[PDB]
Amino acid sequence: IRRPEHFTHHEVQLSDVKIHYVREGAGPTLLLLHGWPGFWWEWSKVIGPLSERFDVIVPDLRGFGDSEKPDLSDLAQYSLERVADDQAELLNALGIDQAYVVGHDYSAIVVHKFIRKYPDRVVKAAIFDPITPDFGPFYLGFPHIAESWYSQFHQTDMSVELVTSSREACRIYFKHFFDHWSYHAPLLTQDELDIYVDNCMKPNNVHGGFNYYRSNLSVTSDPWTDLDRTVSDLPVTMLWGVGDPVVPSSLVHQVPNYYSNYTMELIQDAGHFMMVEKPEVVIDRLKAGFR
């Protein structure tokens, strides 16, 4: 295990948020983008190996980890469009013209947006369990509400009050998602889960994360733009963990309408957290895809 403190930590002031990140390695820039309920450290198993070939950059999304939580009452500051803008600003701030970009979960949408809005800043991309503009009707539909109920729980003030009421309550809540969304539970050792809980229990982090659901996944939300509804012919490497119940491999059928130059591989013994559950697959497929 490589604990958070065994990386080098940076912060950079962007136009309306401070972004925290770790950075390591040499070569072309590889930008790794996390999801919920993790943060930058979910990539910790692959950063080292990948840094042998890349300048690996791993930020906390705004509202996550040690990155700034914008005005918690202003949901416009938690829109995914701005999170994609943050990545362009991050590259500008670091003097980087082009990067390889990788995302999943919320960052699957960030990458979707990014490669279309900033096409000249991408070399190639990778997405794990990709999410397209046609996700919405499936995800909040029947019977998938059996899996997506939590997106609506997060709309309530009570969810924040309950989940942050104690470290014990927090651990209980988040453990369910790590385990249920994985191919083989437990996903995490006790020490690893403690580190995720440490992060969730930082001031405003549970609230910050739930604001993503309020801004982008309320029943009146629409996080997608016209530009998002275009075909991209950028080379994209896609993986799916067939054990993912919340963004299931059936959703491959939504991909061809948005991409003309991709690969897809269904990983048989992985769920929603590919970089945690099958880190060697991630390292191998990215090194191969981005050769």
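All residue numbers refer to positions in the sequence shown, first residue = 1.
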item	value
Mean C-alpha temperature factor, higher of 92-100 and 208-216	92-100
Entry-level comparison of average CA B-factors, 116-124 and 145-153, reporting the higher stretch	116-124
Third of the chain's Cα B-factor distribution that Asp60 belongs to, per the entry	lowest
B-factor third for the C-alpha atom of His180 within its chain	lowest
Position of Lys45 among the chain's modelled residues by C-alpha B-factor, lowest, middle or highest third	middle
Third of the chain, ranked by Cα B-factor, where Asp85 sits	middle
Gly27 - which third its CA temperature factor falls in, relative to the rest of the chain	highest
